[PDB]
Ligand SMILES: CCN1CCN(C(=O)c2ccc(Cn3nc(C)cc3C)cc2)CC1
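This document starts with one chain, in the form solved without the ligand, laid out as structure tokens.
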């Protein structure tokens, strides 16, 4: 039904790793899989059920923000904005909000499962 998923930004995980990372679909490789180019440069084929077609990550989503002191901490998306073409998320934690670059925001398995119903490609 869909014209094409190529070029769409997503957050996706591979198997045996429980986090979703931001990336983009570069190719429909069939077999229910898509070639995903992660923002860090890593590229591999991922199952449709492991892809959340949401960009930006919606507001009021509980996410995992990579934080100072190599600290991964759960927080809630309260805003996003483009800064010279780059997407930044406003994440609320301990009742305070801070800006994080796109790549510093990931989803744990539980956090991503909450979005599968609405945004998953399963």
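Residue numbers count along the first chain shown, from 1.
One more form of this protein, deposited with the ligand bound, exists but is not displayed; see below.
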| item | value |
| --- | --- |
| Contact residue in the entry with it bound, chosen from 83, 40, 94, 60 - any heavy atom within 4.5 Å of the ligand | 40 |
| Non-hydrogen atom contact residue 88 with the ligand in the entry with it bound at 4.5 angstroms | no |
| Contact of residue 99 with the ligand in the entry with it bound (heavy atom, 4.5 Å) | no |
| 4.5 angstroms heavy atom contact with the ligand in the entry with it bound for residue 25 | no |
| The ligand in the entry with it bound reached by all of 19, 72 and 106, non-hydrogen atom within 4.5 Å | yes |
